[PDB]
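Chain letters run A, B, ... following the sequence lines, proteins first and then strands; every chain starts at 1.
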Amino acid sequence: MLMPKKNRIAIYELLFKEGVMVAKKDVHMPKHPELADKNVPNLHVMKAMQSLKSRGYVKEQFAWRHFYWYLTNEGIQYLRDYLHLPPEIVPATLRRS
Amino acid sequence: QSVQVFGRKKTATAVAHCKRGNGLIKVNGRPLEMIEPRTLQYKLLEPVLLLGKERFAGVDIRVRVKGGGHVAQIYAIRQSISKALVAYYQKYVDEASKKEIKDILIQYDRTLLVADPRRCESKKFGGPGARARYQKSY
Amino acid sequence: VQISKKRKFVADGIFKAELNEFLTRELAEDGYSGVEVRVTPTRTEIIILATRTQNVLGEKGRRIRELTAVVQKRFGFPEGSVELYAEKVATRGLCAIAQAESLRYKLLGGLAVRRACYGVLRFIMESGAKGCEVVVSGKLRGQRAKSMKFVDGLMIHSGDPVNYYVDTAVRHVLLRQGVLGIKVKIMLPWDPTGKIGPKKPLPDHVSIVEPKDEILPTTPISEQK
Amino acid sequence: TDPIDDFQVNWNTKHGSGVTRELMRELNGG
RNA sequence: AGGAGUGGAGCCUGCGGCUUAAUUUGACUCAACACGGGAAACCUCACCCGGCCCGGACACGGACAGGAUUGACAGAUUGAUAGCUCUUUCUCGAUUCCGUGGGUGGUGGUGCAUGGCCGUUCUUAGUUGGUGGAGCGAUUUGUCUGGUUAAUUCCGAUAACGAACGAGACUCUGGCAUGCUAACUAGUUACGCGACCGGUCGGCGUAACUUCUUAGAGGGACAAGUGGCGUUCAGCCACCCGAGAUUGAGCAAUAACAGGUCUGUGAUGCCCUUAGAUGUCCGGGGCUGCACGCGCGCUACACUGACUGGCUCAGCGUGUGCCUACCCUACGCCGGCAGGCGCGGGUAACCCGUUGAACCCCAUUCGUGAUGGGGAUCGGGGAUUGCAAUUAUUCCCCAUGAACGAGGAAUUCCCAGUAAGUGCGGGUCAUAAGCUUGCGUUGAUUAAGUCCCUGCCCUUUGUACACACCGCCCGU
């Protein structure tokens, strides 16, 4: 996307720290509300989500000008594969459940 | 002593503190002979001289006023004075002359004892006023 | 950091409306029927009444973990300090949006409008409800908009009691010919002490209690103890 | 689909005769 | 009967045609024309445009692994500090680039394809079963001659009886709580604080009771009382007490429209849209035009008055905050005009506030005019929120007195704290109102009637109409 792959894998890791977050419907927003000051453009966040929508392993529940992420088991599997990492990093919320 | 029982007109009200004093009637630091409009003084001396200036024989009446509009305060300041006179004349002294003066001021008018329940209504949308509406376009 | 009462209450209303919209568009297939919010010291609980509780909870509660994972990232809920609850709806005849979503996902599956409307009608009046109106407008067939009404039983149409004795839900249906708009209005019978209808009686009606009998001896008598 | 309902709605349409026949089938015969 | 009277006079978003490509839209009978919550440097942009960038990502096939971005004192000039067919070649590595596909773009055309949405006949008083009666039947009665009512509200007549939705009832209330739970964000009176041998302060006196403002429960008003009418009934009209003998509004039926909205929407139907993307990163014009027709309204034509200024009375509210500086706003210095720093006052009846306010309370030249009614028509200057006030758009100081002598025919709107006059507040909002939405303040002779010429179609009646008179239809 004229964007390095390492930052895309960083986005994958930051998502894998949880299971689903939300996105602000804007392409002019320099940063990310969750990934504040981490050089993550919002337009590229929706670029990532639209790419996995093209893949067909993620969906959304857009509401009130806000994208609502989704994730299915095949999608989690794909993200844990492209991260080249063990599946041991389960969402921390179960460690705080 | 506080035998005050309101005395009101529109959203402005008066409280007529009454005691055994000098016979001088005071309205928030100014005599009733001098009020801001300079026009309703007769409307204020109407009750006393209608019932009789001789009635006040050492009674100090201080009325405190609060509300909107000067003339709105009047018809209640005098109503408060009449209420205070009624309370004083009902507390101890007889009723025959009380009923006499009451009949005289009742035939004089009705706004000396019983308040006017009237009040400014709300305005309804779709018009410049509550009841007036805009002009019809042909 | 304190904020005025009007602004904080409008923020609470905004938050509740946001949850309502998100959960209505997210779990309509799973029979989402209502969201309520309660507060305990440094803790917010959200209870979600649903027609299909097994489909609103999910396996091992995972979807709930997902659900809180979503909400916590929108409205500012810190990680791990929010829990989601769900109770089965006592009756589907005391809420209109439940039958509204049922109609949505009965027509979206492919079904004649009349069959679904009459199924809902008989379901409602086998629930002891005192009146049901399902108005369906759009293009039932062909290319013209005809509004049909499925009206059963009496139903109050004006006054104050429409606030509580009548429950209403509006919904849209998205087929491949266009959009079908429905309104479902369910009257609640009088059920004081039992939570099916409103507790208060109908304000315009009067009921006279049965008489108390008389015992009038012609000869006076006394009753010593 | 309940043929009573189908007759109620479509009796005046192109399928009035068919819904009448289906209604008569349901009404008597079992 | 009558009432601001808009109509008659120069200044408005927009109307309907109106100079150099964009002054453009949706709404032609009120019920479109101060309406789309509409005064626009920018996003006020629906509009020739000068194009800064793909926010075309991805199944399947690539010269398949050397396509590009972060290149900023440059000559490199059409965004220069984004190497722009630039001789030379500077920058995180298959990730933008090649095809029928699919959408982050659908404020692009049809509400005559549709959906919640309200206008709208309707805010009228209409609407419908059951059982019974009539008819072969569609249907009819009930739901009516009449009296009454705001009302299909009741009475009454009565082959109907009994009911239901609507109306009513409901709820907040306007209006008496002197009775009651009860304030230290409310408030008047037991002794001196600066003055008069007993009276008078919102810097207030030690001490302090719910009367004086808020917001609670219960009460209260019912055509209840008397008199005159009435098919003597439902009801109508007068009268004494009483705070009150019609306080005002939101809810408002069955059923329906081809009334407006696809330019309100991440609710949507084949055509241009297939990345050649009617704003999309950046953003420098556009509904910001002149000859005129009664489109809501604006200050007036004057002496019931604009006018030196004396005195002093308001009520709903709105108020420091998620890519929200900017909100109100108690003093010192300065600065007429807006505003600089501070000690602080405000999440709030604590802070402005006692909205000291504001209309009026008439001691000043004013006398029938071009000066003082009538800033409606000139050029300069301090400047606060505004990179960007170009049509001094909006915060003022000097000069500019055009037109209007209360204005034809047709003609809005108005019964009690109403019309009307009057200012403050909310909406839009760089701090913003000639508009709208609330609030106060001041405050009538307007008649307690009729249906004209206005609509509303209730009953009887005619019909060859039923797509229902924008019907049907005859003949050359």
Work out how far the [atom1] atom of [N] is from that of [M], and round it to whole angstrom.
N      : M      : atom1 : answer
E:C415 : E:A249 : P     : 11 Å
E:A245 : E:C241 : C1'   : 11 Å
E:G187 : E:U211 : P     : 16 Å
E:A419 : E:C18  : P     : 44 Å
E:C316 : E:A186 : P     : 16 Å
E:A466 : E:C294 : P     : 46 Å

Handout entry: Length of the NZ-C1' vector between C:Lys149 and E:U254, whole Å
Key =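 From C:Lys149 NZ to E:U254 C1': 7 Å.
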Exercise for the section: Let me know the distance between CZ of C:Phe150 and P of E:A255, rounded to the nearest Å. Expected result: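 After rounding, the reported distance stands at 12 Å.
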Choose from [options] the nucleotide whose nearest atom is closest to any side-chain atom of [X].
X        : options                : answer
C:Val179 : E:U211, E:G174, E:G115 : E:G115
B:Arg8   : E:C212, E:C360, E:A164 : E:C212
C:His157 : E:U254, E:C439, E:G244 : E:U254
B:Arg110 : E:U200, E:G242, E:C30  : E:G242

Practice task
Assess the pair A:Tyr68 and A:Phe62: is the distance between their ring centroids shorter than 6.0 Å?
Solution key: no
Exercise for the section: Report yes if the distance between the aromatic ring centroids of C:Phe15 and C:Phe77 is under 6.0 Å, otherwise no. Expected result: yes
Problem - Distance below 4.0 Å between B:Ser137 side-chain N/O and E:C296 OP1 or OP2 - result: no
Problem - Side-chain N,O (C:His172) to OP1/OP2 (E:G116) below 4.0 Å - result: no
Hydrogens and angles aside, do [X] and [Y] bring a side-chain donor and acceptor to less than 3.5 Å of each other?
X        : Y        : value
A:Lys5   : A:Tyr82  : yes
A:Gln61  : A:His66  : no
B:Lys91  : B:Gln1   : yes
C:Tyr164 : C:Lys200 : yes
C:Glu21  : A:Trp64  : yes
B:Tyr89  : B:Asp94  : yes
B:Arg62  : B:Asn28  : no

Exercise for the section: Would you confirm whether E:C352 and E:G111 are paired, taking Watson-Crick (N1-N3 with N6-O4 or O6-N4) or G-U wobble (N1-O2 and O6-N3) geometry and requiring each distance to be under 3.5 angstrom? Expected result: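 Given the Watson-Crick and G-U criteria, E:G111 is not paired with E:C352.
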Exercise for the section: Decide, for E:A59, between syn and anti: a glycosidic angle within 90° of 0 counts as syn, anything else as anti. Expected result: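 Here E:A59 takes the syn form, which means its glycosidic angle is within 90° of 0.
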Practice task
Please confirm whether neighbouring nucleotides E:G408 and E:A409 meet the stacking test: six-membered ring centres under 5.5 angstrom apart, planes under 30 degrees.
Solution key: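 Yes, the six-membered rings of E:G408 and E:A409 stack, since their centres lie under 5.5 Å apart and their planes differ by under 30°.
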Handout entry: E:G373|E:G374 base stack, centroid gap <5.5 Å, plane angle <30°
Key =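 Base stacking between E:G373 and E:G374: present.
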Practice task
Could you tell me which nucleotide pairs with E:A238 by Watson-Crick or G-U wobble geometry, both distances under 3.5 Å, or answer none if nothing does?
Solution key: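 By the stated definition (distances under 3.5 Å), E:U226 pairs with E:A238.
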Practice task
Look through every strand shown and name the nucleotide pairing with E:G309 as Watson-Crick or G-U wobble, where both distances are under 3.5 Å.
Solution key: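 The answer is none; no pair meets the criterion.
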Handout entry: For RNA chain E, the residues among residues 33-63 of chain A that have a non-hydrogen atom under 4.0 Å from it
Key = A:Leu43, A:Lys47, A:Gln50, A:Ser54, A:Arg55, A:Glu60, A:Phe62
Handout entry: Contacting residues from residues 19-30 of chain C, given that a heavy atom lies under 4.0 angstrom of RNA chain E
Key =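 Within this stretch, C:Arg25 sit under 4.0 Å of the strand.
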Exercise for the section: Mark yes or no: A:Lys59 above the aromatic ring of A:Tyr70, with NZ or CZ under 6.0 Å from the six-membered ring centre and no more than 45 degrees from the axis. Expected result: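 Ring-cation test returns yes.
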Exercise for the section: Confirm from the modelled atom types if B:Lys10 and E:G443 form a donor-acceptor pair under 3.5 Å, side chain to base only. Expected result: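 Yes, the side chain and the base share a sub-3.5 Å donor-acceptor pair.
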